[PDB]
Ligand SMILES: O=C(O)/C=C\C=C/C(=O)O
Ligand SMILES: O=C(O)/C=C\C=C/C(=O)O
């Protein structure tokens, strides 16, 4: 009997992660499981300290003690209210240099590096300096607020299915406009539950026909 | 004016944002701040003037606070799509029949909260659940359900929270509803109160009627 403790960023609950856990549970019934919400940075510390054994996240934080496997690179979308003047680019899509002056929401509020600093790093890379930014606690608030008419917000593709009403998700046409889904584990951790969970990720992935091999 | 509004996270998946968006269009001169805040914590925030309106799912009585029930919303049992209760997707189930199901409550917050509300529904019917687990908040509860860790009673609007591979079984008991109430300072007669209720109506009536 092993209690495997898994860290996750919230937006992954709307993708394939729950299936992967479900699959893992059915295949490994003796291994009990706990899920904890925490940012990618906090997972490094959680992992290092042994608070969690696996970390599913959105950022590659390089570190001696941490082995980091990129699972899938997911396109980014700009979330808007359905009446916002960027409607017209629903089909074609937008470059980030076209919305530098738009009131924008970043998320989450957390110890850096965040998904917030990930986006700001994308702006820097693309020579862009956003004039109107606001930080919001977590993703569902951000989207709620976009629906409430408080600006636009860059999110990953799988945020589309979240359930907040009256939104549109404009494609982002930039080359670097992708958010990597990754699994962080302890470099020294040689437990069998690591390759097992990786087997599940691949099994689910293959069923959904998104199957380049990981690693 | 700077109007400050308290809300619970699940409401963001329903009509509330439309209500805010509408109010914001009709009253452009009024600035708005939205703050996450449990229904219990709303009582104290109102008293302090920390917030002006509270949007919650419980009717916590208090001399200082007026509860305006906006909508009584049906509760549903969230289950994994292969869970043995999927037989009852059409017919629905009773709370007396799920007392022994591994159950997830939420959130983890100062009580009374939605967790104590759900617990009181069983207590009210003389039922005592054999396996309960408190979970931080709704998204995780449903994620866990899809992960195969149990069942979770949730309001109807939770159906649209797009956690994959779930079914939402009707709950047949008469008491099995969650009231969505507006909490305000008792004697507060600001004109944003009637205005916000007007916006609630307009959004409600648009959806009670439309779309085709
Ligand atoms: O995906 C989300 O919903 C939130 C945060 C993601 C990464 C981070 O904070 O490092
Ligand atoms: O609605 C939710 O998502 C959670 C809690 C609601 C009310 C409360 O805790 O008082």
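Here is how the numbers come out for the structure above:
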| item | result |
| --- | --- |
| Residue identified as closer than 21 Å to residue B:119 by Cα, more than 16 Å from ligand 1 (Cβ to nearest atom), under 21 Å from the mean Cα position of the chain (by Cα) and not in a helix (DSSP H, G or I) among B:34, B:70, B:75 | B:75 |
| Counted residues, segment B:156-194 - those being exposed (fewer than 15 other Cβ atoms within 10 Å of the Cβ), in contact with a helix residue (DSSP H, G or I) (Cβ under 8 Å, 6 or more places away or on another chain) and part of a helix (DSSP H, G or I) | 1 |
| Pairs, first within 14 Å of chain A (Cβ to nearest Cβ) and under 8 Å from residue B:6 (Cα atoms) in segment B:40-53, second more than 16 Å from ligand 2 (Cβ to nearest atom) and part of a helix (DSSP H, G or I), C-beta under 7 Å, six or more apart | B:53/B:196 |
| Qualifying residue in segment B:117-135 (condition: under 24 Å from residue A:161 (Cβ atoms) and either within 14 Å of chain A (Cβ to nearest Cβ) or out of contact with any strand residue (DSSP E or B) (no Cβ under 7 Å at 6 or more places or on another chain) (or both)) | yes |
| Among residues of segment A:107-116, those that are more than 7 Å from ligand 1 (Cβ to nearest atom), within 14 Å of chain B (Cβ to nearest Cβ) and buried (at least 19 other Cβ atoms within 10 Å of the Cβ), counted | 0 |
| Meets criteria (within 16 Å of ligand 2 (Cβ to nearest atom), touching a strand residue (DSSP E or B) at 6+ places or on another chain (Cβ under 7 Å) and closer than 15 Å to residue B:8 by Cβ) for residue B:104 | no |
| Out of A:56, A:118, sole residue that is away from ligand 2 (no atom under 16 Å from the Cβ), in contact with a helix residue (DSSP H, G or I) (Cβ under 7 Å, 6 or more places away or on another chain) and either in the same structural domain as residue A:10 (by CATH) or not in a loop (DSSP other than H, G, I, E, B) (or both) | A:56 |
| Subset of segment A:16-31 [more than 7 Å from chain B (Cβ to nearest Cβ) and under 19 Å from the mean Cα position of the chain (by Cα)] | A:16, A:17, A:20 |
| Those residues of segment A:78-89 which are outside any helix (DSSP H, G or I) and loosely packed, with under 13 Cβ neighbours inside 10 Å, in sequence order | A:82, A:83 |
| Only one of A:96, A:59 that is buried (at least 19 other Cβ atoms within 10 Å of the Cβ), within 16 Å of ligand 1 (Cβ to nearest atom) and either in contact (Cβ under 8 Å) with a residue 24 or more places away in the chain or within 14 Å of chain B (Cβ to nearest Cβ) (or both) | A:59 |
| Output for segment B:144-155, where each listed residue is facing chain A (nearest Cβ under 9 Å) and either in a loop (DSSP other than H, G, I, E, B) or closer than 22 Å to residue B:73 by Cα (or both) | B:145, B:148, B:149 |
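What is reported rests on the model, the rules as stated and the sources as named; these are not laboratory values. A quick note on method: Cβ atoms are made from the backbone with ideal geometry, for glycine too, and the neighbour counts reach across all protein chains shown.
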